């Protein structure tokens, strides 16, 4: 039932894998790296489910040749990775000493990548805020100091890495804001009914400042591009015959994603958010709005799952962050979104992936889109013998259906998606979950010196994209 003469995806379509600095690098105090808020957070008892940290992780800091060889063997055309801020500026401040070793490390890495024929896609901030900034002025909570400090940090990296064309400011600012300052499950583990909304505002302004500097001084040097990465799981009404559930499903998307995307594309927060949050949701100064409005060269999209959404009869409470809705995996009729994984929040729903691609496109005038993270955990995978971990059949199917759902969205709906990055390149430190939860296409033997064994899914992507991408 496949058309015989379709053009398929554009030839310059990028695809590869994605990692985060703290989740894989290790070497937390090597070559002058300063502490991040996640370094100190892991020191607090009971904050990490398996009592681990990122002290060693995958030891990717010392195995750059290995990871590149791995990437090249999987046929990856592009590679998304993040840069540890406290490796560059150990204290993080714009008047703090710059660590040349940290700069040279990533500089050397980009060169090694480029020689292997792999295009770097770099994330500036993947949650590892330098601990010092947090202590000095409250870190992400500071509306004045942090956007200035991040602006400088971005500029240092733009200047230090002239060969890089693809830049990302923040990865999932929502995850820095609500788990870090609302529920306290992520660093710096604070719990507040106001601070997440303050942080999210500061992250947007800091983003806009970096984008401004990049566009003015560095972008035209090598025809580059820059954008923020926003996560977001799609939604469906718990009871479609109930209009309140339909409106609730839409509202949830606004609280999840439009929270950041509406100021970036339209100029202000969604009305639904202002209605519920009121004075708790900051207002853009004329200067801040100028920074934020139109500060996306491309739309960076992280996507994983989908949910059924049920409206709530009782009023929104102060600690509510989702938009006064129930996030479910079953609808009124008893249908299930998908099967279980090792993550309680993740259930495979490839249709939601396409729906989110379209939802973004229709709302923001079909912008350039990069899927900077797709992936899944696998239920009880950590309890499996090495022989059976490599049989990533569940994850193989996940990628096979999601990527094909993306294909339909691109070739049918005409979604301007330009790239797809699989999360993750290898099993790593999944934050509060620790190493128990595995998202990698490559198995990492933590007990036997973090040796890398490509699972079945790692090998399935190259043939799949060869089929879906034009010649």
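Positions refer to the first chain, counted from 1.
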| query | finding |
| --- | --- |
| Which of 378 to 386 and 395 to 403 has higher mean CA B factor, as the PDB entry lists it | 378 to 386 |
| Stretch with the greater mean C-alpha B-factor as recorded in the entry, comparing 48 to 56 against 438 to 446 | 438 to 446 |
| Options 425, 412, 42, 417 - largest CA temperature factor per the record | 417 |
| Member of 261, 281, 161, 83 with the greatest C-alpha B factor (per the PDB record) | 161 |
| Residue 96, C-alpha B-factor rank within chain (lowest, middle or highest third) | highest |
| Lowest, middle or highest third - CA B-factor, residue 430 | lowest |
| CA B-factor placement of residue 73, once the chain's modelled residues are sorted into thirds | highest |
| Chain-relative CA temperature factor third for residue 299 | lowest |
| Chain thirds of CA B-factor: placement of residue 340 | highest |
